[PDB]
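J.: What follows is a protein structure lacking sequence information:
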């Protein structure tokens with residue numbers, strides 16, 4: 001029933017708002033939606049588990065796309081999508 005909180009690291013390793021997610025890729029998904037989420041150069045985002053000393057580090061972008069195969073009528077040829085993959089993993093102390 002619990003969802004684990006995360007923290008957003010900056011360019012220096014600094015810290016930001018408390019993110020959450022049942023899995024680090026959620027915190028990351030909500031890190032994609034954050035700003036420079038582009039597939040040309042995803043908004044590099046650093047998550048930090050408030051449990052493990054493992055700085056999860058994904059690259060996070062958005063693509064307003066998803067042209068319909070079997071989609072609903074109201075659902076266009078694209079949609080708001082924050083996409084994140086993890087390129088590696090960083091470490092807390």
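T.: Great, that's in hand. Numbering: from 1, shown residues only.

J.: From one end of stretch 59-75 to the other, what's the distance?
T.: End-to-end distance for stretch 59-75: 26 Å, by C-alpha to C-alpha, to the nearest Å.

J.: Please identify the buried residues of it?
T.: Residues 59-62 are the ones in stretch 59-75 that count as buried (16 or more other C-beta atoms under 10 Å). Placement of C-beta: from N, CA and C, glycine included.

J.: chain center to that stretch, what's the gap?
T.: 17 Å (C-alpha atoms, centre = their mean, to the nearest Å).

J.: isn't residue 90 right next to residue 54, touching?
T.: Yes: shown here, residue 90 and residue 54 form a contact pair, counting by C-beta atoms under 8 Å, at 7.4 Å.

J.: Tell me where this protein has helices.
T.: Using DSSP state H, the helices assigned to the chain run over residues 24-32.

J.: Residue 8 pairs with what?
T.: Taking DSSP bridges, one finds residue 47 as the beta-bridge partners of residue 8.

J.: Compute the number of surrounding residues for it.
T.: Neighbourhood size, residue 8 [other C-beta atoms under 10 Å]: 19.

J.: try residue 76
T.: Counted with other C-beta under 10 Å, residues neighbouring residue 76 total 13.

J.: what do you get for the one 10 residues further on?
T.: Around residue 86 there are 14 other residues, counting by other C-beta under 10 Å.

J.: these two touch, right, it and residue 57?
T.: Yes: with contact defined as C-beta under 8 Å, residue 86 reaches residue 57; the gap is 6.6 Å.

J.: in this structure, which spans are strands?
T.: Assigned by DSSP state E, the strands in the chain fall at 4-9, 15-21, 43-49, 54-62, 82-91.
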